[PDB]
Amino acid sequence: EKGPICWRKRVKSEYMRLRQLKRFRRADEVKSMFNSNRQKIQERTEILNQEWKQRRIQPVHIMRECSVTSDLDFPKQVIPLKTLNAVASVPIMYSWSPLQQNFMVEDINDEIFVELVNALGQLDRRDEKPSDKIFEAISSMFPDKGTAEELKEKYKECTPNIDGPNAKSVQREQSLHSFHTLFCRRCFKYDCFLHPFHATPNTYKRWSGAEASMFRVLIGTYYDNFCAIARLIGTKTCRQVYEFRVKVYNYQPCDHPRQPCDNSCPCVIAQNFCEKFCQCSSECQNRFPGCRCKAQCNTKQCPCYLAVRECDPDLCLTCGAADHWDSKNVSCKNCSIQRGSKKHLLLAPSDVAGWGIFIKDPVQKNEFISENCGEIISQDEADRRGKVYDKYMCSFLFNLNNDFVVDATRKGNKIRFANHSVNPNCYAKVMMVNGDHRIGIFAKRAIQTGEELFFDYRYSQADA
């Protein structure tokens, strides 16, 4: 019961009042900050000036020749020019971070508003001689911030940990929601550095608020074994629980529930095997079976090797891929990338140009030297990046598959220093390793001690 034009003037008045006050406040805080600070300067510059007084540092004295000319007509001065003895410089290198595996990389205020709303409400209160008219007036003066409907609901103003004092009572899927959506089944880590697609719902398909929510969860894992649910809840017994009850394409796992891995399956479309990570039937004909070799696994006789795949520690049970985790030298010679059994490399300036990489120990033909690690980027991020790279005559970009590029520029491992050559002693082989494409660097021929490594970048550049 007060004028709209009036209320809009009140908005403008109170805004300029609040804003001018907040400003004057900041102006003082600043003048205080400067003073508080200058005492700190004084205190500390004294500490230094004292330290200085207890030192008697020797003066500098007079010394191919050089001269100095004065524009303000002072006399010309001539002095002998001492030569600083030549120091050898290393080749150019920019900052980079070490990697052991690939690293995926993706491509009015609310304070014053509430103050003003309440400052105006204070005037509506004084008009007796959270009202709706106050919202219609602020909306009119700040249309961008939203309608009076929007500003009304905007004015009004995570599940608590079960271990905490405020442990509320919700379902099983709310107590587990974080764990379930943040866990990478592929590398056994929360918010992993390689897999960006969140786990499909079928992958995680097999009293007090802190006891109630723990019950709903435990009767999803255990079901009717309340004599065990009691052991875990601890603070309860079977009797208590019982009563409570009555009250080349990148591989990505497939999830087509109540459907086979047919011509409509992403795995099948991408012409990719279903791995241990897919949610299809145990009997799925498109799954990779693994190998039943006794050892070696480095010939066309091994289905893994032949399929340009490393062995699977969960399927290749007879060759040695699944065993001796402490050792890096095992019976299976087809799991070097996954175990990270790289060879010793040495950094030194190249015999051609820049920096190079030199093998420490001898290597046989086709033997695994190192993995080529870097950031996993989209083909677009690669285009953006490349524009910059071309300014420096760089190309530390290496295709992984149709979707990704490993960029060893910002981060990678020592093999980033292997130079390009059309006559190389090394080759790059992208291998499927436990559902992940990885660039392996193997010897093209036998290499001896202290030899420089070269690979033909051109082959790692064609997605033609």
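For every residue, the number given is its place in the sequence shown, counted from 1.
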For this session: Between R206 and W207, count the deposited residues left without coordinates and pick a bin: none, 1 to 3, 4 to 9, 10 or more.
Result: 10 or more
Exercise. Looking at the deposited sequence, how many residues between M63 and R64 were given no coordinates in the entry: none, 1 to 3, 4 to 9, or 10 or more?
Worked result: 4 to 9
For this session: Look up the CA B-factors in the entry and say which stretch, 373 to 381 or 253 to 261, has the higher mean.
Result: 253 to 261
Problem set entry | Per the entry, higher mean C-alpha B factor between 3 to 11 and 453 to 461 | 3 to 11
Problem set entry | Deposited CA B-factor, highest of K343, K365, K247, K82 | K247
Seminar exercise, completed: Among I108, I357, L194, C291, highest Cα B-factor in the entry goes to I108
Seminar exercise, completed: Binned into thirds over the chain's modelled residues, the C-alpha B-factor of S70 lands in the highest
Exercise. Ranked by Cα temperature factor within the chain, is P349 in the lowest third, the middle third or the highest third?
Worked result: lowest
Exercise. Mind checking which third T318 falls in for C-alpha B-factor across the chain?
Worked result: middle
Exercise. In terms of the chain's CA B-factor thirds, is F179 lowest, middle or highest?
Worked result: middle
For this session: Select lowest, middle or highest to describe the third in which the CA B-factor of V114 falls within its chain in this entry.
Result: highest
